[PDB]
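Heads up, the chain below is alone and in the form deposited in one PDB entry; it's given as structure tokens.
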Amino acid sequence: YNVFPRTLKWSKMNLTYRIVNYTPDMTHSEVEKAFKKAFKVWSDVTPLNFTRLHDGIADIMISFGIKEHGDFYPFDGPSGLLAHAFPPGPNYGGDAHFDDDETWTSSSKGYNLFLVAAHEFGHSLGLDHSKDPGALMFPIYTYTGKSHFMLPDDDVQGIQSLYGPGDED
């Protein structure tokens, strides 16, 4: 027999993702690079593997949309909500949605796609919000302006509590 796991998490280390559509704001290459780097943020500190699918059903379906887009969390035009992701689970679980009424960038203007994606994928993997103002999972977008990204310890401790550290070196 089997009882449901203690925490909400993926039961397999091999996860797949699919970029269903693209924002008008960035080139396909820029968007793909941003998401690849965002997934690497988490795979670098766990035993998780992320493989991209170009079609079909992936564990983490990524899409850009506006207003009503297929769930109970409609977006709201420019400003306000910017993105959301569902926790691990069947069907829409793990999916990540980005509000295309927002401005997405690979720089410091508007919302840095990589940064927001890293945050959203945290949710896709089982992390909720943190009270640490400097954590990636803090609820409010707080771009620091640093030239290099380093996953804050609070997030490292959080994701490893769910999946283990994988290779520690």
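The first residue of the shown sequence is 1; numbering continues from there.
Between us, would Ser147 come up missing in a third or more of the other compared entries?
Comparison shows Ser147 dropped in at least a third of the other entries.
Tell me which of 156 to 164 and 142 to 150 has the higher mean C-alpha B-factor in the deposited entry.
If you average the C-alpha B-factors of 156 to 164 and of 142 to 150, the larger mean comes out for 142 to 150.
Would 108 to 116 or 35 to 43 have the larger average of its C-alpha temperature factors, as given in the entry?
Of 35 to 43 and 108 to 116, the stretch with the higher C-alpha B-factor average is 108 to 116.
Where does the C-alpha B-factor of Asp132 rank in its chain, lowest, middle or highest third?
Its C-alpha B-factor, which the entry lists for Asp132, ranks in the highest third among residues of this chain.
Comparing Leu15 with the other modelled residues of its chain, is its CA B-factor in the lowest, middle or highest third?
Middle third - that is where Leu15 ends up once the chain's C-alpha B-factors are sorted.
Check where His28 lands among this chain's C-alpha B-factors and tell me if it's the lowest, middle or highest third.
Its C-alpha B-factor belongs to the middle third of this chain's values.
So where's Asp55 on the chain's Cα temperature factor ranking, which third?
According to the entry, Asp55 has a C-alpha B-factor in the chain's highest third.
Which third, lowest, middle or highest, does the C-alpha temperature factor of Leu81 belong to within its own chain?
Its C-alpha B-factor belongs to the highest third of this chain's values.
Although not depicted, the form deposited with a partner chain bound is the subject of the following passage.
Is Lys37 close to the partner chain in the deposited complex, meaning a heavy atom pair under 4.5 Å apart or at it?
So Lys37 does not count as contacting the partner chain.
Since only the chain is shown here, I'm wondering whether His129 would be in contact with the partner chain in the deposited complex (any heavy atom pair within 4.5 Å).
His129 belongs to the contact set for the partner chain.
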